[PDB]
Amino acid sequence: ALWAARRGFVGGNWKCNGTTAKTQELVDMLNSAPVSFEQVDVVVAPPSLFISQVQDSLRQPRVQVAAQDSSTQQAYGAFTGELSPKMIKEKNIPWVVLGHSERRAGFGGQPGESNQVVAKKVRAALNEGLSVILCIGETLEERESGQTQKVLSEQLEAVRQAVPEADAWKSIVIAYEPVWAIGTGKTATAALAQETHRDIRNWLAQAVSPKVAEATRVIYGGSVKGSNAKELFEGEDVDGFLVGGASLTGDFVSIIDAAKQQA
């Protein structure tokens, strides 16, 4: 190699949005995008129904596909409605998103995924050879009462208890999404993102190792747009983005373009 630097990363989380035609449109946008993706790992996470269609028509090796969740149940068996990491890997899907705040909160009255459940999913995924976009983030109340570092440490420490081997962390990307920035239009400042991402990297260094700290991409999400991404990416510890609503439009290609440093 010539250089040792963390490669930029942009994930697109489509959430619960998608049809056969809209999937085709997004894939066509990614295939024709007149921006080079050479310097950036790009990952897109369609709803599970549409992943095979994306795998069949995507013609950019530099874009990889992800599932939006992966089961606590690691292998094949009697787990109705669950996609296990072994299934996902054997279907040639290289990435999964785990611990998104929407899944930590839960749906329709069903309790969500605790720190411990997320950690169990992460361990199972890594055991089966997947790479993981691990989501963490504090609430508005936690932020305003000065608890962000304590909270993010608790979320990450649960993952470390389940994945105590440092080598496994090679295939983790951490997505810092403050809950208060999700869907609200309240994008973190460039200064707040950089500060918190550096706290996350200092956590990796103390709890896992300095090597894991230097290699792990820490990406920002929460109201990311083409028009705010370049300023966000000036932070030395901001390695890219996890993109929600903007992943469904042409704005996604502008965000990818922002996750490059040029001389």
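One rule holds for the numbers: they count along the sequence shown, beginning at 1.
In this entry, the higher average B-factor at the C-alpha atoms falls on 139-147, of the pair 139-147 and 125-133. According to the PDB record, 55-63 carries the higher mean C-alpha B-factor of the two stretches 55-63 and 207-215. Per the deposited record, 39 carries the highest C-alpha B-factor of all listed residues (48, 39, 223, 70). Looking at the C-alpha B-factors along this chain, the one for residue 168 belongs to the highest third.
Residue 187: CA B factor lies in the middle third for its chain, per the PDB record. For residue 161, the recorded CA B-factor ranks within the highest third of the chain. Only modelled residues enter the ranking.
Among the modelled residues of the chain, residue 242 sits in the lowest third by CA temperature factor in this PDB entry. Among the modelled residues of its chain, residue 18 has a C-alpha B-factor that falls in the middle third according to the deposited record.
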